[PDB]
């Protein structure tokens, strides 16, 4: 596997990749998000938020309450391993995190915390083996 991944998000509330594998050789990992659509953030912004799979809904719910100016992620949320900014069509963002935060054998989710999107925009991240 690799030490970065790129995920595209679009105007139909989809990510183009459903699984990311972090190579065991990596100390850090970078997630690149592209918004390949034409909708504005007000309507159809997207981010990428990485959590333990069990924490997805709780983080998304707290994120809605945080608002767009907080990238729809609660400030200081200890359940968030990493997140990007919310972007609109024609934009991109990236975030890097320490792979020591990812444990072998655990299930992680990456998802969009823009209101309503997590039900459609979610994949799995795991540490390779």
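Positions refer to the first chain, counted from 1.
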Mean C-alpha B-factor comparison - 6-14 and 111-119, higher one: 6-14
Stretch with the higher entry mean CA B-factor, where the candidates are 43-51 and 95-103: 95-103
Relative C-alpha B-factor of residue 57, binned into the chain's lowest, middle or highest third: middle
Entry-reported Cα temperature factor of residue 67, expressed as the chain third it lands in: lowest
Third of chain Cα B-factors occupied by residue 78: highest
Position of residue 90 among the chain's modelled residues by C-alpha B-factor, lowest, middle or highest third: highest
